[PDB]
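Participant: please find the sequence and an experimentally derived structure below.
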Amino acid sequence: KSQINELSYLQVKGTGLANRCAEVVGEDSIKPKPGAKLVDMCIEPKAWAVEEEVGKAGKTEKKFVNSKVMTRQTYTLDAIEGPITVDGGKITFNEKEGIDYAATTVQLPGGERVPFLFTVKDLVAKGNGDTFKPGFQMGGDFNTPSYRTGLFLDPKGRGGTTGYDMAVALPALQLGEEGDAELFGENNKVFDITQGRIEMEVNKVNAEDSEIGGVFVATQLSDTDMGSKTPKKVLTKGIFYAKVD
Amino acid sequence: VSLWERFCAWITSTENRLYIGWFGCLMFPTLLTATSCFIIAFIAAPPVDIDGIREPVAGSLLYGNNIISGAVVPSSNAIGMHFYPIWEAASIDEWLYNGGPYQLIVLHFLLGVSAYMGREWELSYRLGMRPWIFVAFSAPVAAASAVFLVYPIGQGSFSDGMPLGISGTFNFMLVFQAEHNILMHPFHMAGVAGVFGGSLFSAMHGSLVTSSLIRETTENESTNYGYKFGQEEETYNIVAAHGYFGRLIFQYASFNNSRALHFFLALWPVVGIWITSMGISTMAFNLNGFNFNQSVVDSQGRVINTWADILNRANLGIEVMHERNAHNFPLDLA
Amino acid sequence: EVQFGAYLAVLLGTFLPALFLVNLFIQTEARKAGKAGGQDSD
Amino acid sequence: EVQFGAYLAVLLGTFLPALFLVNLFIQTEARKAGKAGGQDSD
Amino acid sequence: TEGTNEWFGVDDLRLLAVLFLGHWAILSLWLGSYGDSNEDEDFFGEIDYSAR
Amino acid sequence: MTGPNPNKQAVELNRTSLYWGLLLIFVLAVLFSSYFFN
Amino acid sequence: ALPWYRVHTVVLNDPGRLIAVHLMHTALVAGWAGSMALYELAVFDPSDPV
Amino acid sequence: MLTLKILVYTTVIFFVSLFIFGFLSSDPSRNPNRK
Amino acid sequence: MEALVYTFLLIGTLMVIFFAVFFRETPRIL
Ligand code: CLA
Ligand code: CLA
Ligand code: CLA
Ligand code: CLA
Ligand code: CLA
Ligand SMILES: CC(C)=CCC/C(C)=C/CC/C(C)=C/CC/C(C)=C/CC/C(C)=C/CC/C(C)=C/CC/C(C)=C/CC/C(C)=C/CC/C(C)=C/CC1=CC(=O)C(C)=C(C)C1=O
Ligand SMILES: CCCCCCCCCCCCCCCC(=O)OC[C@H](CO[C@@H]1O[C@H](CS(=O)(=O)O)[C@@H](O)[C@H](O)[C@H]1O)OC(=O)CCCCCCCCCCCCCCC
Ligand SMILES: CCCCCCCCCCCCCCCC(=O)OC[C@H](COP(=O)(O)OC[C@@H](O)CO)OC(=O)CCCCCCCCCCCCCCC
Ligand code: OEX
Ligand SMILES: [Fe+2]
């Protein structure tokens, strides 16, 4: 807000305030200009859910169980820039820069730890109408990069762009015509790009201050450690905030 | 007569089985909480992000370890030096992920060991003893506070603190070699001389007493039964063991005084471990050991290798491999 | 394929109760040598 | 995958020598109760 | 909120009443014997063996 | 502590009853091993 | 002079040690049920309760 | 988590106060020399 | 199955530490 901007740095630190997106006040309309460029879009999710096999009364249909985040306060995106292009039918947004990934890890019932990169990279938003309204609702696809860049070294010392490529303390595996092809999947490290679909919804606007904010819902796919396991569908919900300029 | 005087009379009574004392008022609650959390965290504790890079390192027995590899993992690099109790963690699952129980065990350990040390003073006061057994115990208290407290302070994180385990100890010693060169530092040199000398004068004093024992048994029963407990006769000819060592090296190198002899056994190790534990302390603040790399040159100016250059190439191997993902910039400032 | 917990069942089912019955015999002969007072009592 | 002969190594490496040292203590106390002549010698 | 600069880690008002009733509950035990004694009785020792 | 118990007794096992109890355990070990190994 | 099958009859005329024995059977029964249930939680898998 | 936290400050300043008021309890006079 | 042996060795070691402290053969003068 501007109320957050009143504070100094020593009053914010250690209080968990910089993690939290602003609260926009009031509702009206604002029109995106021709050269309109979005300035301070922050996204913070308030709840997480991982698609699992749930234990109902007699059936095992797939449902979302929620989860507790374990990385502490590092989940919020910030400073996301981008120009707001005006197509004729629908106003669009394409993000350009800003902190658009925040790696985090949630824990399921059972003790399973599921990390996932929460990101909005290469987002193509499209929403009904032209002007931002309390009934406005935009969304679109984003590309999730892999959770580890290819020069990550696993405990044996094997990466996609560096490291070894065989079980380094098992030297008798590469004997014979077959070699170590039985454990081939854990040697080949594949950088993976998946898709994610976010759906935002503006409901409170200032036009005298040119800042909007509302509730979103985002679904994406968790990580796999370069093909080590099957990734799992992760749903999340929260609130965002943006400065329309 | 009062309730407090009848409680001070019990808590300072030497007639208890174990003397409790006023330091036991904060020795026993501290060390039983460091114990009861250690047994649970060593047996059943989920993996811990130590490098702060969200790569959790398993350290307990239920997650596929043994006595050697299993270890209570230090806290995260993300926390660092911050105090991280259970109530400042928003769940226990968030506490155990980020290296929770390393701070609960260590801080209740260093309070309980510094209270076990003062408890050794207190009973020496109530028994009529001269007081200074607790000064000899200052030497492992100096060394325990050097690797769990002082070295995480000067390096700015408990993640550089020592892992509570056996294989975690040798992860600590080797990474400390590459980053600080402890073997060339003269305070590890002054305590290797403290424990090689300490184990020398232990087995040198323990042999000369056992050599000069007086006949009090038969050849059928044990040698040890010639000492009745609480007797007032001396159980070995000390003139005999003085004349032996007075000929084994020469005459003037032998302590005829048994009090000055039994003082030198307490001097040499304890001074050697005071000095050593202030080697880790001065190397906690990156005042490393000696560095004689590229020190010998010819007249042309080409570097002639020494043994320190071979030792350097062993340090360069550990330096480029410790925390192989945690670094992003060319110099390990931490 | 046999059950690998059966080696622990049999070889402790032998040794632990059979080493028990040896102990009751050794202390029996020690009490008899204890009272007898000659060359072995001590 | 662990070696299934290690259970027999450890659990007999515990029990067989530790049950041995118990026996030398029980016959020690039986000889002391054997000589003493009261209520337990027999 | 960890890195707040608050006295003795007293975050809430309720934790004070814990501290005051801890020191005082043993202080009142201590005053049952060593309190209400003569505050004007001296010694020229290094150590006093006055009373209980 | 309190005083010494007047109910202290001694345990006996002669050489005869040793061989019964040894043979009892080994024959039960021969019999039941084949079923435990399955 | 007791046989091996009468060793625990020294507790007949001793009520004070009749309790200490009956507490030791209790400390083994209760220690079983704790250590059995710890063993079962390392083995249980709540993946599909159906 | 603010209920556990209350329980710790009880237990700390219980035993710390036994320590503080232990040595104020004429503690040098508790020796085997006299009294 | 493997870690069950390690736990039994550890708490079994702490038993004989308990018996050595409290059930020790108390030394006596005369
Ligand atoms: C009595 C011994 C004892 C001691 C010293 C400690 C000490 C500690 N415990 Mg522990 N604990 C104990 C017993 C003890 N514990 C027991 C019995 C249990 C089981 C219930 C626990 C369970 C426990 C848990 C579960 C946790 C701790 C934690 C802690 C740490 C912080 C707790 C805190 O806020 O302290 C409160 C301390 C104060 C308010 C300060 C009191 C000091 C007084 C005021 C003296 C100062 C004098 C003053 C300066 C004079 C001024 C004069 C003026 C004129 C200037 C600390 C190292 C936490 C931890 O280590 O996390 C990392 C944690 O999570 N403890
Ligand atoms: C490292 C621990 C330690 C130990 C074992 C001792 C041991 C001793 N001190 Mg001592 N002392 C210490 C540190 C220590 N000191 C420090 C750091 C200070 C300065 C604050 C003092 C100030 C001091 C005085 C003024 C007196 C003693 C006395 C004594 C003797 C009797 C015990 C007593 O009543 O003191 C009580 C114990 C203390 C004062 C220190 C408690 C240390 C705790 C147990 C561990 C360390 C915690 C830390 C220092 C406290 C931080 C609190 C904060 C986090 C809130 C005994 C030889 C007395 C004596 O016999 O003098 C002739 C005496 O009158 N000490
Ligand atoms: C010939 C080889 C050799 C020798 C003899 C030594 C000798 C030593 N090294 Mg060294 N070192 C060597 C090679 C060697 N080094 C090499 C090659 C490297 C490079 C890898 C190092 C790297 C190195 C490091 C990094 C460190 C040492 C340290 C030490 C000292 C260890 C003493 C110690 O910590 O006890 C002191 C005792 C303790 C720490 C224990 C305290 C225990 C407390 C008091 C109680 C615990 C109670 C327990 C929990 C329960 C009790 C039982 C219970 C049942 C009641 C000693 C001087 C350490 C040092 O400098 O001192 C700190 C150290 O940190 N060395
Ligand atoms: C071949 C045998 C041998 C000898 C002679 C030494 C000798 C030494 N080692 Mg070494 N060492 C050895 C084998 C040996 N080591 C082995 C096999 C290892 C393991 C692989 C090590 C590992 C090791 C480490 C890791 C370190 C040493 C260190 C030392 C030095 C001090 C050790 C000390 O004081 O011990 C205690 C023993 C005594 C105090 C007894 C006295 C010993 C002195 C040297 C004899 C005095 C006689 C005198 C010179 C003659 C004049 C007297 C005359 C008038 C009668 C010393 C130079 C330390 C060092 O670097 O110091 C510079 C050190 O850090 N050594
Ligand atoms: C409530 C249960 C109970 C209790 C308290 C007793 C109590 C007693 N019985 Mg009795 N008994 C019981 C049930 C019980 N019995 C049952 C069910 C039977 C039928 C099998 C018998 C048959 C029986 C006989 C035939 C005799 C006694 C005798 C005795 C006395 C001494 C025991 C002794 O020296 O054994 C000492 C035993 C040993 C040193 C080792 C026995 C080893 C066993 C066989 C295998 C190991 C046990 C195993 C670990 C237990 C697993 C738990 C399982 C019960 C669930 C004592 C008064 C004796 C008596 O009359 O006193 C004069 C006697 O001669 N009992
Ligand atoms: C003529 C020709 C042909 C020409 C050639 C010339 C020629 C002949 C040359 C040859 C000469 C030649 C080299 C001879 C010299 C001989 C010589 C010395 C050779 C050896 C070489 C050598 C390197 C020797 C030096 C090493 C040496 C022996 C060092 C001694 C170390 C030393 C002083 C240690 C003391 C440590 C110490 C204080 C121990 C006491 C503490 C201790 C706990 C002891 C226990 C103890 C002590 C007691 O006291 C008593 C009472 C009791 C109870 C007791 O527990
Ligand atoms: C180029 C510079 C040159 C050097 C400059 C000097 C720098 C400072 C030197 C410091 C000297 C300190 C003197 C202390 C004397 C003293 O300790 O007396 C203590 C007693 C007194 O002697 C006992 O004394 C008694 C007589 S009386 O007390 O002295 O009157 C007598 O009864 C008894 O038999 C006798 O043994 O001595 C002994 O018990 C033997 C121990 C001697 C310890 C001194 C060696 C130095 C320490 C070892 C090295 C460090 C150990 C760790 C190494 C890793
Ligand atoms: C969890 C802990 C596990 C605990 C297990 C430890 C206890 C295990 C061992 C105890 C039982 C010991 C039995 C001792 C045996 C014993 O000592 O016998 C002697 C005993 C009584 O003998 P007396 O009364 O003469 O004893 C005099 C005393 O001085 C000594 O007992 O006899 C019996 O109790 C009944 C006879 C059983 C004898 C066995 C008869 C069957 C013969 C064997 C059959 C096999 C061959 C078959 C061929 C087909
Ligand atoms: O955390 Mn544990 O090791 Ca001490 O150096 Mn820097 O930080 Mn990390 O790297 Mn290298
Ligand atoms: Fe000695």
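Facilitator: Sure thing, it's come through. Numbering: from 1, shown residues only, chains lettered A, B, ... in the order given. Ligands and ions are numbered 1, 2, ... in the order given.
Participant: how close does whichever residue of chain I sits closest to chain H get to residue B:234?
Facilitator: The minimum distance from chain I to chain H, using Cβ to the nearest Cβ, falls at residue I:29 (18.5 Å). Using the backbone N, CA and C atoms, a C-beta is placed for each residue, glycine as well. To residue B:234, residue I:29 is 17 Å away according to Cβ to Cβ, to the nearest Å.
Participant: got the CA coordinates for the helix or strand containing residue A:5 in PDB?
Facilitator: If you go by DSSP states H and E, residue A:5 is part of helix A:3-6. Below are the C-alpha coordinates for helix A:3-6, written out as PDB (Å, rounded to 0.1, in the frame of the first residue of the first chain):
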ATOM      1  CA  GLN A   3       0.700   2.500   4.400                       C
ATOM      2  CA  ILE A   4       3.500   0.000   3.900                       C
ATOM      3  CA  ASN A   5       5.600   2.700   2.300                       C
ATOM      4  CA  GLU A   6       5.200   4.800   5.400                       C
END
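Participant: tell me which helix or strand comes right after it.
Facilitator: Under the assignment DSSP H and E, the closest C-terminal helix or strand after helix A:3-6 is helix A:9-12.
Participant: so what's the residue in chain H that ligand 8 sits nearest to up against?
Facilitator: Relative to ligand 8, the nearest point of chain H is residue H:11 (40.3 Å; Cβ to the nearest ligand atom). Going by Cβ atoms under 8 Å, 6 or more residues apart in numbering or on different chains, residue H:11 touches residue B:29.
Participant: tell me the buried residues in the longest strand along chain A?
Facilitator: Ranked by residue count and defined by DSSP state E, the top strand of chain A is strand A:37-53. Within strand A:37-53, the residues that count as buried by 16 or more other Cβ atoms under 10 Å in any protein chain shown are A:37-45, A:48-52.
Participant: tell me which parts of chain G are close to ligand 8?
Facilitator: Contact residues, chain G versus ligand 8 (Cβ under 6 Å from any ligand atom): G:3, G:4, G:5.
Participant: what's the closest of these to chain H?
Facilitator: Ranked by distance to chain H (Cβ to the nearest Cβ), the residues of chain G next to ligand 8 are led by residue G:4 at 50.2 Å.
Participant: what does chain A have sitting close to chain G?
Facilitator: When proximity is defined as Cβ under 8 Å from any Cβ of the partner chain, chain A approaches chain G at A:53, A:55, A:58, A:59, A:60, A:109, A:110.
Participant: what about chain B: which of those touch it?
Facilitator: Contacts with chain B are made by none of the residues of chain A next to chain G, judged by Cβ under 8 Å from any Cβ.
Participant: make TSV from those and add distance to ligand 5 and secondary structure to it.
Facilitator: Shown next, in TSV, are the residues of chain A next to chain G (distance: Cβ to the nearest ligand atom, whole Å; DSSP: H, G, I helix; E, B strand; the rest coil):
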residue	distance to ligand 5	secondary structure
A:53	40	strand
A:55	36	coil
A:58	38	coil
A:59	42	coil
A:60	40	coil
A:109	37	coil
A:110	35	coil
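Participant: narrow the residues you listed to those that are buried.
Facilitator: Once neighbours are counted (16+ other Cβ under 10 Å), the buried part of the residues of chain A next to chain G comes down to residue A:55.
Participant: and the furthest pair within the residues of chain A next to chain G?
Facilitator: A:58 and A:110 (20.5 Å; Cβ to Cβ).
Participant: can you list the buried residues in stretch B:87-107?
Facilitator: B:87-90, B:93-107.
Participant: which ones among the residues you listed lie within strands?
Facilitator: Those of these lying in strands (DSSP E): none at all.
Participant: what comes up buried for stretch B:286-306?
Facilitator: Neighbour count says stretch B:286-306 has B:289, B:293 buried, by 16+ other Cβ under 10 Å.
Participant: next: stretch A:154-168.
Facilitator: A:154, A:158, A:159, A:160, A:163, A:167.
Participant: next one: the third one from residue B:49, what distance?
Facilitator: Here the distance between residue A:159 and residue B:49 works out to 19 Å (Cβ to Cβ).
Participant: looking at the buried residues of strand A:37-53, spot the one nearest chain F.
Facilitator: residue A:52 (37.5 Å).
Participant: lovely, talk soon.
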